[PDB]
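Residues 696 to 864, 876 to 990, 999 to 1019 (the deposited numbering) make up the sequence shown, in order. Take a look at the structure below.
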Amino acid sequence: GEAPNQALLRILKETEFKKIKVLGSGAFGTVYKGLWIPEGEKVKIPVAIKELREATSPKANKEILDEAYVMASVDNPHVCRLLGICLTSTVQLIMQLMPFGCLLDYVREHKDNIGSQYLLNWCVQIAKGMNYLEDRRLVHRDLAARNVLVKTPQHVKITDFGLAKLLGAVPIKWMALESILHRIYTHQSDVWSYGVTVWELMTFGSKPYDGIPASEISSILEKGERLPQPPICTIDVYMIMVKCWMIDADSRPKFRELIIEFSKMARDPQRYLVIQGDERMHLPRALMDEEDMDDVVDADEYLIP
Ligand SMILES: */C=C/C(=O)Nc1cccc(-n2c(=O)cc(C)c3cnc(Nc4ccc(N5CCN(C)CC5)cc4OC)nc32)c1
């Protein structure tokens, strides 16, 4: 029924990479900004290293390992890549560094400077990665603006696959109704989450259903209520979100369709999003935690035979 998964999982020596700074902390683990030099080859790769702070807990490791298994098995420009695993006292995940951080943080921080062309483009990129997930048959089960990371302001990537699962087999606000009521997840259910994600970007990081109980949420959706149209949004952009939130999953648009629609819009962005001073805005040595190296290469340019 299924093809063999012939992805390579790479084991790395601790000496190979160094941790420079702490990006985030808490719960099971903390993730570090880092530099990785691979073996014999003389290149330096910027990495995000995530490791379990609380030593080893036998229950805990399954989640970290599963994340690695899924990450290794994916190759796409708009999906985040796992370089290696380090089997120390604590399992360590070495991943490509997304220098500009969380997409959700980014829109909130830069809302004054984010143009329509960037927004439509981000929408296209997320759909492309998500469609790739669909080709895989993997389901994100947790797609949100928070789970998209930006490598350059013009290039974002889907992330947080730890909960990811194969088709067949909490972020209640992002969840589809079929997921809330019946714990059912499908690529189409994923599409609904994509719509909430699009809404977050359009609203520049606003919180959906703010001040609403999750307990409340199923009824509201059952009621047929949905998220409001964003001020920047034209009816054409808003309608796409609405289709994503339709109760009948098959009725909802496919990611492959979503890529098509957003691109057409991206072709003439001002028509579909109206934002004050759209024309004016601009969005971004240059390496941190090291002075020495100009041998740096992005993970993306670093390929493995
Ligand atoms: C979206 C919320 C969020 O903070 N997510 C987050 C926090 C910390 C680390 C990561 N994170 C990963 O979990 C996994 C990978 C692969 C990853 C890759 N690259 C980054 N880059 C990155 C994230 C966050 C930050 N900051 C620093 C400044 N601080 C105020 C905000 C968060 C910086 C950064 O690279 C500079 N993060 C990753 C995700």
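From the three backbone atoms N, C-alpha and C, an ideal C-beta is built for every residue, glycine too.
Flag this pair as yes or no: are the beta carbons of residue i and residue j separated by less than 9 Å?
i	j	result
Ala920	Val876	yes
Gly696	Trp731	no
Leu707	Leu798	no
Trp951	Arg958	yes
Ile965	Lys846	no
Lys852	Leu858	no
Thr892	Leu862	yes
Please list the terminal residues of the continuous beta strand (DSSP E) segment that includes residue i.
i	result
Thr903	Looking at the DSSP string, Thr903 is not in any beta strand (DSSP E); the run it does join, the alpha helix (DSSP H), is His893 to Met908.
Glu746	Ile740 to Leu747
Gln787	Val786 to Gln791
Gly930	No beta strand (DSSP E) holds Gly930; DSSP gives it neither H nor E.
Where does residue i land, buried or exposed, given buried means 16+ other C-beta within 10 angstroms?
i	result
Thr710	exposed
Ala864	exposed
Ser811	buried
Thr783	exposed
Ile941	exposed
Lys757	exposed
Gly735	exposed
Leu887	exposed
residue 874	No coordinates are present for residue 874, because the numbering of the chain runs from 864 directly to 876.
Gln849	exposed
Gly917	exposed
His988	exposed
Please work out which residues of its chain come closer than 6 Å, Cβ to Cβ, to residue i, disregarding the five sequence neighbours upstream and downstream, and give them in chain order.
i	result
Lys745	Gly724, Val726 and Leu788
Excluding the 5 residues flanking residue i on each side, which residues of the same chain have their C-beta closer than 7 Å to its C-beta?
i	result
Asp855	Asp837 and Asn842
If I follow the unbroken alpha helix (DSSP H) through residue i, where does it start and stop?
i	result
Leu979	Neither: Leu979 is in no alpha helix (DSSP H) and is coded neither H nor E.
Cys950	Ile941 to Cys950
Who are the Cβ neighbours of residue i in its own chain at under 8 Å, not counting the five residues just before and after it?
i	result
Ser924	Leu883, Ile886 and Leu887
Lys860	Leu833, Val834, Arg836 and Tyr891
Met1007	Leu730, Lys739 and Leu1001
Stretch-stretch touch, CB-based, cutoff 8 Å, three pairs: the region 777–792 with the region 722–741: The count of Cβ pairs closer than 8 Å, one atom from the region 777–792 and one from the region 722–741, reaches three, so the stretches are in contact.
With contact counted as at least three CB pairs below 8 Å, one residue from each stretch, are the region 959–975 and the region 759–769 in contact? With a cut-off of 8 Å, the region 759–769 and the region 959–975 do not count as touching, because too few Cβ pairs lie within range.
With three or more C-beta pairs closer than 8 Å as the rule, is the region 827–845 touching the region 892–902? By the Cβ criterion, the region 892–902 is in contact with the region 827–845, since at least three pairs of Cβ atoms, one from each stretch, lie closer than 8 Å.
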